[PDB]
Structure formats: structure tokens, C-alpha cells
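**Q** Protein chains in written order, with UniProt numbering: chain F, 2 to 396; chain V, 1 to 268. The C-beta atom is built at its ideal place from N, Cα and C for all residues, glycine as well. Below you'll find the structure I mean.
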Amino acid sequence: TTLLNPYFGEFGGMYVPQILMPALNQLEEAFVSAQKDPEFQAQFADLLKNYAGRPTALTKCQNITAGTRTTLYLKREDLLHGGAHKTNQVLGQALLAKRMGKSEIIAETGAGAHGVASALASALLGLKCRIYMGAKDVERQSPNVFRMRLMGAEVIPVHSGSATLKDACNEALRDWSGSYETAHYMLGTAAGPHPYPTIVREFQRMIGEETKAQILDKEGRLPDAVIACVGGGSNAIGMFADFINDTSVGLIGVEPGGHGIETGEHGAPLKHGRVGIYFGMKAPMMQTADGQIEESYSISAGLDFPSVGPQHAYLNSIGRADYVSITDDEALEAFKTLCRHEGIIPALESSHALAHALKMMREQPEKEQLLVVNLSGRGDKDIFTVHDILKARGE
Amino acid sequence: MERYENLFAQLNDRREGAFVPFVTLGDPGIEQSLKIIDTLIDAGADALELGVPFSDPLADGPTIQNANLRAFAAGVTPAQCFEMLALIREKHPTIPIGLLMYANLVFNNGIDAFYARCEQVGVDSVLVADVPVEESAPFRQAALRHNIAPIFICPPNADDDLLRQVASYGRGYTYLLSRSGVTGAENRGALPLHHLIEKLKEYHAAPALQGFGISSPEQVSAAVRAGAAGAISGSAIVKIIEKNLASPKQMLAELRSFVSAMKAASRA
Ligand SMILES: O=P(O)(O)OCCNS(=O)(=O)c1ccc(OC(F)(F)F)cc1
Ligand SMILES: C=C(/N=C/c1c(COP(=O)(O)O)cnc(C)c1O)C(=O)O
Ligand SMILES: [Cl-]
Ligand SMILES: [Cl-]
Ligand SMILES: [Cl-]
Ligand SMILES: [Cl-]
Ligand SMILES: [Cl-]
Ligand SMILES: [Cs+]
Ligand SMILES: [Cs+]
């Protein structure tokens with residue numbers, strides 16, 4: 002039994018080994034209690050404001066929409082302490098870990114942004130933090146490895162499988178199943194077994210709440226659409242949540258197309274996979290015909306994962322949210338465009354969301370539309386990888 | 001499920017515990033795996049626990065991770081595993097055969113159709129490692145409809161509600177977990193499980209087999225002495241396969257010696 006509904010329609014659930022069910026039930030109870038506790042809420046609010054810097058700016062583009070009828074705002078989670086939206090819900094989960102008497106943190110990381118957020122919160126709040134990260138990601142997101150280690154966290158390279166985020170996720174869960182009495186698994190996305198998709202949304206929902214208030218103040222109305230990239234689903238559900246009941250507002254999630262959907266080297270299970278059961282959840286999976294979980298691919302380590310959070314699968318199924326894909330090359334062009342014409346260096350993850358917004362504008366340049374892109378992080382972790390790629394072209 | 005009932009009745013008559021090895025089907029290849037399994041049986045295995053290779057076995061430590069990988073390197077698929085199961089059953093009409101599954105392989109082409117195929121090849125039980133009792137309803141219902149014992153886990157952190165559910169829902173045998181964590185011979189269970197064994201018997205649960213970390217004959221004896229009906233050993237068996245990949249002949253000789261010793265430890 003649970004206190005809260007573990008499913009979003011058919012998607013979700015708690016598909017973990019029996020050994021882990023008390024830890025999940027304990028986490029759910031702590032969350033429900035904390036959500037009713039004014040002292041917990043005040044501490045969380047204090048950290049978000051005075052430590053992380055909320056509220057974050059909402060920036061109006063102007064150069065990159067010139068000559069079109071698109072007005073584009075960027076929700077600046079790249080300005081949050083740590084450099085990505087990952088910090089918001091880490092602060093809440095870290096407080097939950099302390100509320101449950103845990104002294105240690107396990108985290109997975111792909112882009113290293115959730116790893117950095119986990120390390121900084123653990124340094125602040127007195128937790129011993131170990132982070133699993135695929136060995137490929139250790140190389141292509143190396144600045145975040147240096148940041149994690151300088152804050153005292155243990156970074157554990159994972160060479161198994163594809164040596165990327167899925168493989169880190171596997172090792173984190175395996176560790177947790179043998180250490181849960183002392184360690185809290187600080188899952189970094191809105192996926193995994195209940196209660197994580199629920200907790201992560203509720204601890205990220207200030208993104209969309211602030212965006213709504215800011216757009217209304219600046220434009221006097223709701224946006225036509227809010228656009229976010231989708232790895233496991235945390236920054237997108239954080240932007241979407243407060244708009245779900247505003248039925249005129251489009252909710253657009255952008256999965257990674259990698260080298261192209263037709264190559265099979267992508268990370269877009271929601272639109273090109275099949276429902277399956279893995280990583281604690283019933284959700285769309287990249288999988289073989291006989292039900293082996295595939296390996297994903299994206300230029301962006303933070304989107305390189307062969308599944309997606311169950312609430313996105315549900316919002317898609319009922320038609321409330323629409324999901325699309327953006328290739329490596331499209332993401333790269335949006336990265337360059339933002340650097341060169343707005344002076345903002347975006348995370349390659351966030352660049353997928355920006356690329357789709359720029360496609361919406363370019364495809365129909367006389368369509369009047371008010372758009373918000375969730376700029377989920379800054380691209381300091383990507384500058385060496387991107388520079389190498391562009392140098393190999395010439396640009 | 002009746003093959004377990006017959007086995008435990010016979011073992012009770014002989015005041016004997018069961019010794020149940022685990023291996024991954026198709027590790028290190030289809031032919032050598034079938035020979036491995038014949039040797040396990042000839043050396044005294046009372047039942048088998050058989051893994052179908054899965055891409056992401058999250059209840060397994062490195063030893064059985066690598067067994068899965070070797071089977072995949074040999075091209076082994078679930079369809080070939082069912083071919084193998086038919087051959088095993090054709091050779092061995094009475095030994096109970098239990099599968100170690102992960103949920104996506106059962107769910108992939110229909111839960112009911114999966115258990116139907118299990119019944120057609122003569123499997124006796126299915127354990128789905130990443131399905132807790134809370135998610136078990138369509139799996140256990142499909143199992144029972146096809147005369148397959150659904151195997152439930154009784155963890156060391158089990159409360160009374162869980163003991164009653166697994167006692168009511170389960171068939172064949174109850175899986176008594178030695179410890180938290182994942183499979184592996186290197187981590188040996190810590191806390192005694194007498195309380196749980198006795199409560200399971202009070203609630204008329206299927207007979208308990210202890211597993212996770214059982215790598216020595218003394219541990220098998222200790223499980224039986226503590227009241228369990230027997231013990232399961234996987235990583236210790238798979239380690240013998242891993243160590244002898246280049247000598248299949250020496251591999252079977254050491255598997256036979258180990259299984260016979262582990263079985264001897266179950267005899268009163
Ligand atoms: O001797 P070891 O430590 O290798 O133990 C391996 C035994 N293999 S098994 O098929 O019984 C087995 C049983 C349960 C498992 O996960 C679960 F408990 F969550 F269900 C995994 C493998
Ligand atoms: C995978 C990670 N983060 C992913 C990520 C994502 C994709 O994850 P969500 O779908 O959970 O937002 C988006 N934007 C940024 C800046 C990110 O770092 C990680 O840092 O572990
Ligand atoms: Cl609240
Ligand atoms: Cl350290
Ligand atoms: Cl309001
Ligand atoms: Cl081979
Ligand atoms: Cl029973
Ligand atoms: Cs404009
Ligand atoms: Cs994804």
C-alpha cells in the first residue's frame with residue numbers, strides 16, 4: 002500500500018526488488034509529512050532564495066527572433082547556483098534525507114549537473130555523497146567531474162554497458178539496494194519508482210509557477226507554449242506542472258534525436274519506443290523486439306537515456322502535452338546561435354529545447370506566438386566538447 | 001507447481017534439505033550450458049533456478065552480470081532459452097525448474113502469453129526479481145492460471161503484513177533473502193532468520209529456500225538447521241564457470257565436486 006497514487010494512467014509503479022520497498026515507503030511518508038510541515042517548507046524556501054538564488058530571471062530574446070512574429074522568453078535556470086535546474090529538487094531531497102536520519106547520499110549523473118547539485122547540497126547540509134557516472138560522460142562532461150571532486154564528493158566511473166547515464170542509474174540502484182538504511186538515493190530526474198516522479202515534480206514546480214507570474218507581469222497573458230527538453234523529465238515537468246490546467250497553453254517536450262531517429266541512435270522512447278518495465282517504472286522504453294533494454298545515444302549526456310518519466314508518457318497519451326525530437330546537429334546550431342546572438346552559453350540539453358523553438362519560429366515566421374523555453378542549464382560543462390566538434394568542422 | 005510439492009515431500013521423508021543451484025541459461029554457450037546443467041543434476045541438485053539473459057539485471061552483482069554478458073556474447077535470446085528448457089525437461093521429467101526473470105521479459109509480449117509458454121515447456125515456477133508483491137497481481141494470476149508457482153521474496157526487513165501476503169500468494173517455495181544488496185558470493189548474510197522462518201510456517205507458506213551469498217557447505221547446513229527447507233547458490237556456481245572458460249572439462253569436474261559437497265551439507 003501507498004499514501005499516494007503511484008501511477009499516471011498506466012505508467013509508473015514501483016518495480017523494484019522487494020528489499021527496496023520499505024525505503025520507498027519511508028521516502029513517500031517523509032515527503033507527505035514534509036509537504037504539511039511549515040518548518041520544512043520555510044527551510045526549503047530559505048535555501049532556494051538565499052542559497053540558490055531564486056527567483057531566476059525570465060529573459061526576452063530579441064536578436065534571435067528578429068523578422069518574425071515570435072516573442073521568445075528564456076526561463077534562466079542556467080543562473081541557479083550550480084548552473085542547472087537540478088539544484089532545486091536536490092535541496093528538497095537533501096532535506097528529506099536529513100528528515101529520515103540518513104547520513105549518506107547516492108546519486109547518478111549524466112551531464113554531471115545533478116552530480117554537482119548533489120555534491121554541493123551534501124557539502125552544505127552534512128551528507129557523505131557518492132556519485133555514479135558513466136565513463137564516457139566522465140570524459141565529455143569533465144568540468145563537472147572536477148567540480149564534484151573539489152567539493153569532496155566521491156565520483157565513481159561506470160564502465161559497464163554504454164558507460165553513460167543508464168549504466169550509472171543501474172549502479173546507483175544496485176548500491177542503494179544494499180545501503181538504504183544509511184544512504185538516501187537522490188535520484189536526479191522525474192523517473193524511477195514511485196515516489197520519485199511525484200517528489201521531483203513537486204520540488205521543481207516553482208519553475209513554471211515563476212514563469213507564469215513573470216509572463217503575466219511582462220505580457221499580461223499566458224504563453225502560447227512552454228518548451229523544454231526531456232531526458233528523464235524533471236526540468237520539463239517542473240516547467241509544465243503549473244500550466245497543466247491552463248488548457249490554452251501548449252506543453253512541448255523535446256527528446257534527443259541523436260544522429261537521427263532513423264539511425265536508432267537517439268534517446269526518444271516516448272515517441273519512438275514501446276512501453277516496458279525497467280528502472281523501477283512502467284514507461285516508454287527503447288527496447289529490442291524481444292524486450293531487452295537498448296542503449297540510447299545523444300550528443301548531450303543529460304538526455305542520453307533510453308526511457309522517460311511516467312507522467313510525460315501519460316500527458317502524451319491523453320494529448321495534453323506534445324513531444325518532438327531534435328537532432329545533435331540541430332542542437333549544436335541552437336547552441337551557437339544563443340552564444341553568438343544573445344550572449345548566453347546554454348547546456349547542450351537545453352539547446353534541444355531552444356532548437357525546437359527556433360524551428361517553430363522559422364517554419365511559420367508570420368505566426369504570432371509567445372513562447373517560453375526552459376533554459377535548464379549553462380554550457381560550461383560542454384564548451385570543450387563543443388569546441389572540439391566545431392574545430393573539426395572549421396567554425 | 002506440483003513438482004515442488006513432490007520434492008519437498010520426498011525431502012521431508014528423508015529429513016533432507018534441498019540444494020538448488022542457479023545458473024544463467026546459455027552461459028557460456030548453449031551447448032556448454034546444457035552440459036553444465038546436466039552435471040548440476042547428476043551431482044545432486046534437487047531443483048534448478050535458471051536465469052534468462054537480460055540486458056539490465058538490477059538485482060545481480062558483477063558475477064552474474066558477467067554470466068548474462070557471456071550468454072549475450074554467444075547470441076542467446078529468450079526464444080533460445082525456451083528451446084533449452086524443452087530439452088532439459090525432456091531429459092529430466094521430475095526435477096523442479098524455476099526461472100529467474102526480470103519484468104520486461106515477462107511483460108514484453110504479454111504476461112499471459114509468457115506464462116503460457118512456461119507451461120508448454122514444463123517450467124514449474126517463475127520469480128520476477130523486480131516485481132514486489134505490491135505490483136504482483138497480473139503476474140501471480142497469470143502464473144496460477146498456467147499451473148506455474150509464483151515465487152515471492154521474503155526479505156529480512158519483512159513486516160507481518162508482508163509475511164502474510166507472501167504466505168497466501170506464493171506457491172512452490174518461499175524465497176528467504178539472506179541479506180540486503182544484490183547477488184554475490186562475496187557478501188555473506190548477517191542476521192539470523194529464525195523468526196521469519198517460523199512465522200512463514202505459522203502462515204502455511206510454501207517451504208522456504210534461503211538465497212543470496214550462499215557459497216559454502218556450512219551455509220547450506222546452517223540454513224537447514226535454522227529451519228529452512230533448503231538453500232540456493234548462484235554466484236559461487238557461476239564463479240566456477242567463469243574460472244574455467246578455457247577448460248570445459250575441468251569446469252564440469254569442479255562444478256560436480258562443488259555441487260555434491262553442497263548437496264551433502266543438506267543431508268541430516
Ligand atoms: O548465490 P548468489 O548470492 O549469487 O544468489 C543468486 C541467486 N539467484 S536467484 O535466481 O535465486 C535470484 C533470486 C532473487 C533475485 O532478486 C530478487 F531477490 F530481488 F528477487 C535475484 C536472483
Ligand atoms: C542527466 C543529468 N541532467 C540532465 C539535464 C537535463 C535533462 O534531465 P531532465 O529531463 O530530468 O530535466 C536537462 N538540462 C540539463 C541542464 C541537464 O543537466 C545529470 O546531470 O545527471
Ligand atoms: Cl506544500
Ligand atoms: Cl571522497
Ligand atoms: Cl496566484
Ligand atoms: Cl563467445
Ligand atoms: Cl501457500
Ligand atoms: Cs520578434
Ligand atoms: Cs530520454
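For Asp-168 of chain F, collect the residues of the same chain with a Cβ closer than 7 Å to its Cβ; drop the 5 residues on either side in sequence, then sort them by chain order.
**A** Along the first sequence, read from residue 1 onward, the residue named residue 168 of chain F stands at position 167. Once the five neighbours on either side are set aside, the close Cβ partners of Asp-168 of chain F are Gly-135, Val-159, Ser-161, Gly-162.
**Q** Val-325 of chain F bridges to which residues according to DSSP?
**A** For the purposes of this step, residue 325 of chain F is taken as the residue at position 324 of the first sequence. According to DSSP, which records beta bridges pairwise, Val-325 of chain F is partnered with F:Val-255.
**Q** Would you check if there are 3 or more beta carbon pairs closer than 8 Å linking the stretch 361-372 of chain F to the stretch 336-348 of chain F?
**A** Cβ pair count under 8 Å is below three, so no.
**Q** Considering only residues of the same chain and omitting the five flanking positions on each side of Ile-157 of chain F, which have a CB-CB separation below 8 Å?
**A** Residue mapping note: residue 157 of chain F aligns to position 156 of the first sequence, counting from 1. Here the set comprises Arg-131, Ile-132, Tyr-133, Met-134, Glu-172.
**Q** Does the beta carbon of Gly-189 of chain F fall short of 7 Å from some heavy atom of ligand 2?
**A** Here residue 189 of chain F refers to the residue found at position 188 when the first sequence is read from its first residue. Result yes, Cβ under 7 Å from ligand 2.
**Q** Is the separation between the beta-carbon of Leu-372 of chain F and that of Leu-73 of chain F shorter than 8 Å?
**A** If you number the first sequence from 1, residue 372 of chain F lands on position 371. If you number the first sequence from 1, residue 73 of chain F lands on position 72. Yes, they are a contact pair.
**Q** Determine, using beta carbons only, whether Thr-190 of chain F and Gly-232 of chain F come nearer to each other than 8 Å.
**A** As a first step, residue 190 of chain F must be located in the first sequence, where it is residue number 189. As a first step, residue 232 of chain F must be located in the first sequence, where it is residue number 231. The answer is yes: Cβ separation under 8 Å.
**Q** How far does the beta strand (DSSP E) with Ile-228 of chain F in it extend, from its first residue to its last?
**A** Locating residue 228 of chain F in the first sequence gives position 227, where the first residue counts as 1. Element bounds for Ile-228 of chain F: 226-230.
**Q** Taking C-alpha atoms, which residue in F:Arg-202, F:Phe-244, F:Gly-111, F:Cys-230 lies nearest to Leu-217 of chain F?
**A** If you number the first sequence from 1, residue 217 of chain F lands on position 216. Of F:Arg-202, F:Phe-244, F:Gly-111, F:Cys-230, the residue nearest in Cα terms is F:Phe-244.
**Q** Spell out whether any CB of chain F is found under 8 Å from the CB atom of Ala-79 of chain V.
**A** Sequence index remark: in the second sequence, residue 79 of chain V carries index 79 (1-based). Output row for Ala-79 of chain V: interface = yes.
**Q** Name the chain F residues whose beta carbon is nearer than 9 Å to that of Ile-153 of chain V?
**A** Taking the second sequence and counting its residues from 1, the one referred to as residue 153 of chain V is at position 153. Correct list: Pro-18, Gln-19, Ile-20.
**Q** At least one CB of chain V closer than 8 Å to the CB of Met-15 of chain F: is that the case?
**A** Counting from 1 along the first sequence, the entry for residue 15 of chain F is found at position 14. Closer than 8 Å: yes.
**Q** Evaluate the contact criterion for the stretch 202-214 of chain V versus the stretch 170-180 of chain V: three or more CB pairs, one atom per stretch, below 8 Å.
**A** Result yes; three or more Cβ-Cβ pairs closer than 8 Å.
**Q** Would you report the Cα separation of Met-22 of chain F and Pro-192 of chain V, rounded to the nearest angstrom?
**A** Taking the first residue of the first sequence as 1, we reach residue 22 of chain F at position 21. Taking the first residue of the second sequence as 1, we reach residue 192 of chain V at position 192. Taking the straight line from one Cα to the other gives about 21 Å.
**Q** Spatial neighbours of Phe-72 of chain V within its chain, please: C-beta separation below 6 Å, excluding the five flanking residues on both sides.
**A** In the second sequence, counting from the first residue as 1, residue 72 of chain V sits at position 72. Counting only Cβ-Cβ distances below 6 Å, and skipping sequence neighbours, we find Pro-53.
**Q** Please state whether DSSP places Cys-118 of chain V in a helix, a strand or coil.
**A** Numbered from 1 along the second sequence, position 118 holds the residue referred to as residue 118 of chain V. Correct three-state label for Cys-118 of chain V: helix.
**Q** Would you check if there are 3 or more beta carbon pairs closer than 8 Å linking the stretch 180-190 of chain V to the stretch 175-187 of chain F?
**A** At 8 Å Cβ cutoff, the stretches touch.
**Q** Tell whether a beta-carbon distance below 8 Å holds between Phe-204 of chain F and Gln-94 of chain F.
**A** What you label residue 204 of chain F is simply residue 203 of the first sequence in a count that begins at 1. What you label residue 94 of chain F is simply residue 93 of the first sequence in a count that begins at 1. Closer than 8 Å, so yes.
**Q** Beta carbon of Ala-192 of chain F, beta carbon of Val-309 of chain F: below 8 Å?
**A** In the first sequence, the residue the question calls residue 192 of chain F occupies position 191. In the first sequence, the residue the question calls residue 309 of chain F occupies position 308. Against a cut-off of 8 Å, the Cβ pair of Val-309 of chain F and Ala-192 of chain F comes out as a contact.
**Q** Residues of the stretch 147-174 of chain V in Cβ contact with chain F at a cutoff of 9 Å, in chain order, please.
**A** Correct list: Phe-152, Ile-153, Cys-154, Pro-155, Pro-156, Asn-157, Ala-158, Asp-159, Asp-161, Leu-162, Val-166.
**Q** Do you know whose CA, among F:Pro-18, F:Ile-208, F:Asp-225, F:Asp-323, lies nearest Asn-89 of chain F's CA?
**A** Sequence index remark: in the first sequence, residue 89 of chain F carries index 88 (1-based). Closest by alpha carbon: F:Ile-208.
**Q** Could you pull out every residue in the same chain whose Cβ sits closer than 8 Å to the Cβ of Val-259 of chain V, ignoring the five residues on either side in sequence?
**A** One-based indexing of the second sequence puts residue 259 of chain V at position 259. Here the set comprises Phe-19, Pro-21, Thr-39, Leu-40, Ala-43, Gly-44, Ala-45, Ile-237.
**Q** Pick from V:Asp-13, V:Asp-56, V:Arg-15, V:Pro-28: whose alpha carbon is nearest that of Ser-247 of chain V?
**A** Counting from 1 along the second sequence, the entry for residue 247 of chain V is found at position 247. Considering only alpha carbons, the answer is V:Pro-28.
**Q** Closer than 7 Å, Cβ to any Cβ of chain V: which residues of the stretch 306-322 of chain F, in chain order?
**A** Going along the stretch 306-322 of chain F in chain order, one finds no residue with a Cβ nearer than 7 Å to chain V.
**Q** Would you kindly work out how many angstroms separate the C-alpha atoms of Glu-266 of chain F and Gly-234 of chain V, rounded to a whole number?
**A** Taking the first sequence and counting its residues from 1, the one referred to as residue 266 of chain F is at position 265. Taking the second sequence and counting its residues from 1, the one referred to as residue 234 of chain V is at position 234. Cα-Cα distance, rounded: 35 Å.
**Q** Go ahead and pull the three-state DSSP assignment for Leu-92 of chain F.
**A** Position 91 of the first sequence, counting from 1, holds the residue named residue 92 of chain F. Looking at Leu-92 of chain F - three-state DSSP - the assignment turns out to be helix.
**Q** Taking the alpha carbon of residue 404 of chain F as the reference point, which residue from F:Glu-109, F:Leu-49, F:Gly-83, F:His-185 has its own alpha carbon closest?
**A** Coverage of chain F is limited to positions 2 through 396, which leaves residue 404 of chain F absent and any answer about it impossible.
**Q** Our contact map puts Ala-149 of chain V next to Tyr-4 of chain V with C-beta atoms below 8 Å; I'd like the distance itself, whole angstroms only.
**A** Here residue 149 of chain V refers to the residue found at position 149 when the second sequence is read from its first residue. Here residue 4 of chain V refers to the residue found at position 4 when the second sequence is read from its first residue. Going by Cβ atoms, the distance from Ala-149 of chain V to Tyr-4 of chain V rounds to 6 Å, so yes, they are a contact pair.
**Q** At a CB distance below 7 Å, what residues from the stretch 254-284 of chain F approach chain V? Give them in sequence order.
**A** Residues passing the 7 Å Cβ filter: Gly-277, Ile-278, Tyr-279.
**Q** Measure the beta-carbon distance from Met-286 of chain F to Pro-307 of chain F and round it to whole angstroms, keeping in mind my assumption that it falls under 8 Å.
**A** Position 285 of the first sequence, counted from the first residue, corresponds to residue 286 of chain F. Position 306 of the first sequence, counted from the first residue, corresponds to residue 307 of chain F. Rounded, the Cβ-Cβ distance is 6 Å, consistent with contact.
**Q** Using 8 Å as the limit for Cβ to Cβ distance, is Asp-138 of chain F near chain V?
**A** The residue you call residue 138 of chain F lines up with position 137 of the first sequence. False, the Cβ-Cβ gap to chain V never drops below 8 Å.
**Q** At what residues does the beta strand (DSSP E) containing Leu-177 of chain V begin and finish?
**A** If you number the second sequence from 1, residue 177 of chain V lands on position 177. Element bounds for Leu-177 of chain V: 174-177.
**Q** For the stretch 312-331 of chain F and the stretch 39-48 of chain F, state whether three or more C-beta atom pairs, one from each stretch, are separated by less than 8 Å.
**A** The answer is no - the stretch 39-48 of chain F does not touch the stretch 312-331 of chain F, with fewer than three Cβ pairs under 8 Å.
**Q** Bridge partners for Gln-142 of chain F per DSSP, in chain order?
**A** As a position in the first sequence, residue 142 of chain F is number 141, starting the count at 1. Partner(s): none; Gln-142 of chain F has no beta bridge.
**Q** For the stretch 129-144 of chain V, which residues have a CB atom closer than 9 Å to at least one CB atom of chain F, in sequence order?
**A** Those residues of the stretch 129-144 of chain V that come within reach of chain F (Cβ to Cβ, closer than 9 Å) are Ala-129, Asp-130, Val-131, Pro-132, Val-133, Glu-134, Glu-135.
**Q** Assuming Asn-236 of chain F is part of the alpha helix (DSSP H), what are its boundary residues?
**A** Taking the first residue of the first sequence as 1, we reach residue 236 of chain F at position 235. It spans 235-241 - the alpha helix (DSSP H) in which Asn-236 of chain F sits, taken as one unbroken run.
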